[PDB]
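Data first, discussion second: the structure below is written as structure tokens.
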Protein chains: 2
Amino acid sequence: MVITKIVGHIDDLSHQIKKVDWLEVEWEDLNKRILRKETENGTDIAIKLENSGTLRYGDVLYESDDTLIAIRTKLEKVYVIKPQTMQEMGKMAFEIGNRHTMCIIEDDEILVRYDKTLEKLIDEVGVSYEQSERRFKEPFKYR
Amino acid sequence: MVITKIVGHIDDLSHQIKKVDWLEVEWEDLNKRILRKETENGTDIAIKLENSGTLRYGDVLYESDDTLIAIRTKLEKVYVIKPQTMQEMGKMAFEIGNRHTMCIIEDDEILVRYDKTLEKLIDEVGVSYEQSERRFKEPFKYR
Ligand SMILES: [Zn+2]
């Protein structure tokens, strides 16, 4: 199936009444305009967005009576850094930036891919963190 | 006057009853152990700390009946970046770190030396900021 335009967006997964056949992509695939991969259920998808569109987490690519094909990034090993203060957030975020390490700052959490070499640094800053599995839902803006 | 050990520390300037003859130093001079400079009133000071001491903002070097010689960093042109949320703080701090720009994150503010080239970046992140004059009171930890 060739997709040239997004046909919807999942704002709330719990309200979805159709089965979702996810097209799992990499974090790096967000904001992209071209992609070809098979969905979980094996449907071949060739994305070539026209206009100025850019793939977003939750974007709906196709919808049938009982199924929806939508985009989500893969579940991966990460560190969920949780600063308790504005000062902790600023100092921790600064150190991650200084190391040029990609991350997503959502609300009061700092999400980065699992890398043990960061442990000494996070402890050094003295911020609470844990290893877990998460999906990166926002494109990393290489500013 | 040769100083080999700190003799006190100004915890609260308003409670000081003696006149203070400040030894104004550079931000980079903090945490240092050796320094030679004249105080505002012209007193020659040669600092050569023994032990493991490191010059701190507010450190008292000498005290007479009516005067105190103490350390403070100079008043300089800066940007006082003020994120309103944890997310703003994290994203702004990250970008400053990614540029390897020295700063001090105190409470909910990000203090950096004035550099117009940062304006586009701060606006890009969309955080409120202002140009002003401040003293850096904590050593920059080159981690
Ligand atoms: Zn670099």
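These numbers come from the heavy atoms of this one structure, side chains and all, not from hydrogens, waters or symmetry mates. Reminder, nothing fancy here: chain letters follow the sequence lines and each chain counts from 1. Order of listing sets the numbers, starting from 1, for every ligand and every atom in it.
Taking distances strictly below 2.8 Å, the protein N/O/S atoms close to the Zn ion (ligand 1) are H100(A) NE2, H100(B) NE2.
Side-chain polar atoms of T43(A) and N41(A) form no donor-acceptor pair below 3.5 angstrom. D21(B) and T67(B) form no side-chain donor-acceptor contact under 3.5 Å, judged by distance and modelled atom types alone.
Using a 4.5 Å heavy-atom threshold, the side chains of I10(B) and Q16(B) count as touching.
Every pair passing salt bridge (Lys or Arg N to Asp or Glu O under 4.0 Å) that includes a residue from residues 78-104 of chain A is listed here, sequence neighbours excluded: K82(A)-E109(A), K82(A)-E130(A), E95(A)-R143(B), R99(A)-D115(A).
Around CD of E138(B), the count of heavy atoms belonging to other residues, nucleotides or ligands within 6.0 Å does not exceed 12.
The distance from atom CG of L55(B) to atom CD1 of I34(B), rounded to the nearest 0.5 Å, is 9.5 Å.
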